[PDB]
Amino acid sequence: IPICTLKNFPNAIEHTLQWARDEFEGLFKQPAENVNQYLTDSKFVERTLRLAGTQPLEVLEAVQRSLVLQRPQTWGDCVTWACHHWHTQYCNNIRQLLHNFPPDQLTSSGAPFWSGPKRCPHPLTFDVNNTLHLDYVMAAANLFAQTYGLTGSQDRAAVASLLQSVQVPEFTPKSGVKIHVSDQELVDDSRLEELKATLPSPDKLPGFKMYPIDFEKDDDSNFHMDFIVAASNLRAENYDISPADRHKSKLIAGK
């Protein structure tokens with residue numbers, strides 16, 4: 001499936017669910033895995049650095065972000081993180097896309113850009129009393145907690161209460177953001193060098209480790225499908241795509 005359709009222009013629940021699975025990997029498995037490796041070899045800073053064009057920074061910064069910026073100390077930190085991520089995916093990034101391609105954007109041929117296999121999205125507004133919204137935080141925060149070896153909670157009332165005190169950084173769409181429309185892909189070594197002197201030294205973080213999570217669609221006692229269904233239906237709501245319940249989702253999730 002075209003990347004750009006997955007990333008920016010979904011039009012079917014299957015695109016949404018695929019995206020949700022991708023999200024699960026990028027949030028609860030990859031970060032932890034790289035972070036563990038970084039804390040194991042030296043061959044990591046180097047090996048990773050010998051990687052294809054843009055990846056080096058991407059990776060090295062996730063590590064930085066996983067070891068310092070977002071490293072949680074408390075369950076409330078996890079709940080906060082989830083709420084912030086929810087805003088990033090169902091609000092900020094949407095507003096950014098609409099910035100690069102306004103609802104009334106036309107093609108060079110004079111046609112509407114947002115037409116046909118494309119659905120123009122709209123940003124969501126967080127609401128604790130919205131089951132879907134809460135479903136998402138509950139699942140994401142718990143999975144996020146696990147990733148750091150923290151105990152989570154299934155107390156919806158408690159999380160709802162903690163959320164009342166969570167403040168979201170304001171967001172504003174930037175100018176030079178590349179959002180590809182076709183599978184046509186095209187500050188490089190100084191941003192990179194900055195990290196090399198920034199990334200804490202393994203020995204400066206005694207016995208710190210992360211717990212990568214392998215996706216298991218079958219264990220209903222997980223939050224795995226809870227996440228997939230929530231992450232997916234929220235994205236679907238961005239793009240005016242009809243939601244799929246847990247059952248249809250796992251059924252349409254033969255993918």
# chains A, B, ... in the order shown; residues from 1 in each chain; ligands from 1
>>> closest_atom_pairs(of="region 181-254 of chain A", to="region 152-164 of chain A", cutoff="12 Å", atoms="only C-alpha atoms", output="CSV")
residue,atom,partner,partner_atom,distance
A:221,CA,A:154,CA,11.8
A:222,CA,A:154,CA,11.6
A:223,CA,A:154,CA,10.3
>>> residues_around(residues="residue 212 (chain A)", least_positions_apart="6", cutoff="10 Å", atoms="only C-alpha atoms", output="PyMOL selection string")
chain A and resi 25+27-36+143-144+146-149
>>> residues_around(residues="residue 93 (chain A)", least_positions_apart="6", cutoff="9 Å", atoms="only C-alpha atoms", output="PyMOL selection string")
chain A and resi 87+123+173
>>> closest_residue(among="A:69, A:52, A:57, A:132", to="residue 235 (chain A)", atoms="only C-alpha atoms")
A:132
>>> residues_around(residues="region 199-204 of chain A", least_positions_apart="5", cutoff="12 Å", atoms="only C-alpha atoms", output="NGL selection string")
:A and (35-42 or 44-45 or 59-69 or 192-194 or 209)
>>> residues_around(residues="residue 89 (chain A)", least_positions_apart="5", cutoff="10 Å", atoms="only C-alpha atoms", output="list in words")
residues 84, 94, 95, 123, 124, 231, 234, 235 and 238 of chain A
>>> closest_residue(among="A:99, A:7, A:21, A:247", to="residue 216 (chain A)", atoms="only C-alpha atoms")
A:21
>>> residues_around(residues="residue 226 (chain A)", least_positions_apart="2", cutoff="10 Å", atoms="only C-alpha atoms", output="list in words")
residues 135, 136, 138, 139, 140, 217, 220, 221, 222, 223, 224, 228, 229, 230, 231, 232 and 246 of chain A
